[PDB]
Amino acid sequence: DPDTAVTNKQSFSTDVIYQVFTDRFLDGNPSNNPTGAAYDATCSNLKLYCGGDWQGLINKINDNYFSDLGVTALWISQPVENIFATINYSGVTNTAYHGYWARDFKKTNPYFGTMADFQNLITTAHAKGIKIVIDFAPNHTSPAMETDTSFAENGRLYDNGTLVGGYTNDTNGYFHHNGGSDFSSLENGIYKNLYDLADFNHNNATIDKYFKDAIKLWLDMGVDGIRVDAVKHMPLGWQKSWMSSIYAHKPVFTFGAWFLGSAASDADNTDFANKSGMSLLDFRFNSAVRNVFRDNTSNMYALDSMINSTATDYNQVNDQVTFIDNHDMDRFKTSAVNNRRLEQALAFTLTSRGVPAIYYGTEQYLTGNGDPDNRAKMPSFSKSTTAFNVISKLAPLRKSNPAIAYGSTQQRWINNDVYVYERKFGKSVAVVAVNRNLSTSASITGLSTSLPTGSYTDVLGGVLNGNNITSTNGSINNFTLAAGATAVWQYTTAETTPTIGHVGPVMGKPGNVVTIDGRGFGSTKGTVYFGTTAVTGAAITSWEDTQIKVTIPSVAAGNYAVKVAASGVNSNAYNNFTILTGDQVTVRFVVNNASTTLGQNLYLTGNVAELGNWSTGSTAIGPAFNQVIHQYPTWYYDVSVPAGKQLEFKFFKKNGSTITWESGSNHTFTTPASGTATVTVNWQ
């Protein structure tokens, strides 16, 4: 199978995701619509159900709406059963139309469809070459009040119909009872309730098992990707452990939502994208794009700066999911925002690095500020808008041109309003020119690119006032970039030498199968390198010119670079691949009497790669927490660690460059074969 095929569940770099609120798209089956005060046929009260379902999505796939648009993947609302109760917030009636108020993760939402309808969605989608990504929110259940069991459904959780427990009289401790978060710190937002939503205690063995079992169900049904909700509100450790169980079963592209207000670098966000095992929604990319094209609060330099900065911060920048807007912010289009600006933002996103996602209705210039106005019903299915055209012409390029899907990014020409960047992967090139100025054209001179000698036509065909250019060994002849113009020029050819464009997933234990996408691998099975270790023969389950499926070797756990050798020639190295010791379990390390100095933090390290292999650098675990579950001088932290292994570890204090280790002998602990555990020790 090509890296391009719909069967590639491990990489979305060549795809274009279409995010849609199932309820607000198309009601293909009115028979499953809710009744009473929870429904609104006219869909004017955006807090109620409008009727949209999976049958509606099926209908639009069959009548080629998505195929003509060019999108190759659908990101739908959480498919699990949500609460049925209606909630009254200060006079206004609220429903679980969004799918975020789950009550049973092992059953479907009857309003969206039956288990059979879902299977029908998967089948119909894969037939037309479209992948299905689902929303999954393992952080909480639904709104709840501990003192009032009559409010909503008391955040009750069900296991395929069987009641597990509710928020009140939670003797088993399935949920956190530490009040609501004030968002003052990372720790505060992880162990306290997100508003009134009942927060799960993933340290509980039953809850841990439940989510591993629950996700396997949906994976087994054929889902191609997972968008994890509120990753910033659950321990990285548990999530990493959960992630490894998924990758050991049926690996699929997984990304999470870690909200960011600006394009500025955030330490915790970067660590998560680099250490969790999943990528993230690129909010930094989003901010820059909006500041420049929408709000006019930044110029083209802020755009180039963001490109360079994110490529530096994230180990795998191509795995970050880009977008111009979504359900968490105001629609890109506003009366003060021109159609051309939205169109340019799209063109930019579609030709830039990462995995592009389009919020439903963007092609129809849908407006709407804040929740719930930004989740209005699809106004029409017109295929004649300029935005629709841009997407249908640029989206396919992610499949046909590897420069756009796997390439690096380099600035070629720039000023306050003009931006010319180049995507390059091997001998394939793509050059995009953008002039955000709506009234003045720009005279471009001295433009140098990697385009071979020849005449290039605008891939957009001039719909965005693009023009044709002429190359003479890279040097482009002088031309005028029209007002509000944006053009795309490309060049593609076959690769003779091996070039790795993507590896998915980037974390796993020996025995797992990983996918390597690229160009020039040849038909004859060669050899795959994980550092120095060579993998050949049966270990390589599949080998083609554009994709290689290989089994992770039994080597020491650690960070490795991946390389491919075909016909004696070595390819480029794909860095930062994490090999685990084996199966993972989440363990809470608790240390008592660890009093510190001002600005001094407590960290943890031990004899396994998951603990940093006695390192005190960035691979060490920490800084530890000391406010919610346990209070200072007691510290704690949830860590994904190998199952059934005898571990040795020690805590250490670190302020500046001074390290203070625990005295005495190392602490020891044998981890459980599965689930979770808590190990408490005293600072030596």
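When you see a residue number, it is the position in the sequence shown, counting from 1.
*Asks:* Averaging CA B factors per stretch from the PDB record, which one is higher: 82-90 or 238-246?
*Replies:* Comparing averages over the C-alpha atoms only gives 82-90.
*Asks:* Decide which of the stretches 125-133 and 275-283 has the higher mean C-alpha B-factor, going by the entry.
*Replies:* The entry gives the higher C-alpha B-factor average to 125-133.
*Asks:* Report the option among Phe332, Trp75, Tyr529, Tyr603 whose CA atom has the maximum B-factor in the deposited record.
*Replies:* Answer, based on the entry's C-alpha B-factors: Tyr529.
*Asks:* Between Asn172, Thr367, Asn326, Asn201, which one tops the list for C-alpha B-factor in the PDB entry?
*Replies:* The listed residue with the largest C-alpha B-factor is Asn172.
*Asks:* Would you mind checking where the Cα B-factor of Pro34 ranks among the modelled residues of its chain, as the lowest, middle or highest third?
*Replies:* Ranked within chain, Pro34 CA B lands in the highest tercile.
*Asks:* Lowest, middle or highest third: where is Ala539 by Cα B-factor in its chain?
*Replies:* Ranked within chain, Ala539 CA B lands in the highest tercile.
*Asks:* Among the modelled residues of this chain, does the Cα B factor of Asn626 put it in the lowest, middle or highest third?
*Replies:* For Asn626, the deposited C-alpha B-factor lands in the lowest third.
*Asks:* Which third of the chain does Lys393 land in by C-alpha B-factor: lowest, middle or highest?
*Replies:* Ranked within chain, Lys393 CA B lands in the middle tercile.
*Asks:* By the record's CA B-factor, is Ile469 among the lowest, middle or highest third of residues in the chain?
*Replies:* Top third by C-alpha B-factor.
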